[PDB]
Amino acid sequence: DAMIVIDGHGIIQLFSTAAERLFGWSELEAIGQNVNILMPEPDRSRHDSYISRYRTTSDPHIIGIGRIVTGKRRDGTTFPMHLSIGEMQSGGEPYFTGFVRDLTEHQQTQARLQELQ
């Protein structure tokens, strides 16, 4: 599926081919950016504090739990996606990985089934 690796500051370090397809950003364009470019407001402006709160309390809200959220593509379109966050260490500093599963089709079929009674 789509995978993203960021450093302890939310800056994208690695961006898989499938993440490019899904988000609309090539790997080169993404790598120097904050991960928040992939999400809409209010999460966007709050993501850095989500990361900071975790590094300070060590209390996970998504790590080891998973969560369905709304992500944002480059063209502006938003979409539902499941997210799993993993924690890793490299060169003494923390890095996090995000495995993403696009749930757009699921949301569509569900919504479609409901509108037909």
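Throughout, rigid core stands for the largest set of C-alpha atoms superposing within 1.5 Å between the two forms. From 1 onward, residues are counted along the sequence shown.
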Which stretch is more displaced from the shown form in 7 other deposited structures of this protein, 57 to 65 or 26 to 34, with RMS over structures and residues of Cα positions after a rigid core fit?
57 to 65
Determine, for stretches 6 to 14 and 103 to 111, which one has the higher mean CA B-factor as deposited.
103 to 111
Average Cα temperature factor in the PDB entry - higher stretch of 35 to 43, 62 to 70:
62 to 70
Using the B-factors in the PDB entry, rank residue 26's C-alpha atom against the chain and give the third, lowest, middle or highest.
middle
